[PDB]
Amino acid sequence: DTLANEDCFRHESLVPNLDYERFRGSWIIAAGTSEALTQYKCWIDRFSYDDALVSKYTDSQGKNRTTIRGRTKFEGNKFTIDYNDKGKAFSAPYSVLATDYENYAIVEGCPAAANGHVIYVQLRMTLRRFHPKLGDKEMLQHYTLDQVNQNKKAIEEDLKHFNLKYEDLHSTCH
């Protein structure tokens, strides 16, 4: 019942010795294989310090901004998130399947909110690349698409490895 013998993962990671300190920071979830997760728009995960997680998302009109907080535990590529009672539908085991640390990562996991399985693509969110161009209604959405496009070859190559294509994912940030 630990991460060591978690059975819901379907794929072998390309990053079994994931460097958690390098993985840490803010990530925006661009797309994934779960229809249910399309209801949580422009989700940003913020992994910080030893084991902290702050997750923030909206509905599809950008209304009802929601924040859930939790604790993580990493063993190589595997990680659990235990959310505060609030986001318990998202508490699950997860696995980083691929990342270049600096730009993108592809993650699998088994939350109830995803009908027990999802693979998703996330791009790094940093003020070094994100200049809220004051006047933009679609701040997040434009950032995400540009970051996707900029890293598209690498993302597509890794997805191919897990028998997926970007175009087959549901977009989860416009």
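Numbering starts at 1 and follows the sequence shown.
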Looking only at C-alpha temperature factors in the entry, 119 to 127 or 57 to 65, the higher average sits in 57 to 65
Avg C-alpha B-factor, entry values, 20 to 28 vs 5 to 13, higher side is 5 to 13
Among 140, 106, 44, 36, where is the Cα temperature factor highest, going by the PDB entry?
-> 140
Among modelled residues of the same chain, the CA temperature factor third for residue 149 = highest
Just say lowest, middle or highest third for the CA B-factor of residue 94 relative to the other modelled residues in its chain.
-> lowest
Based on the entry's values, in what third of the chain does the Cα temperature factor of residue 110 lie: lowest, middle or highest?
-> middle
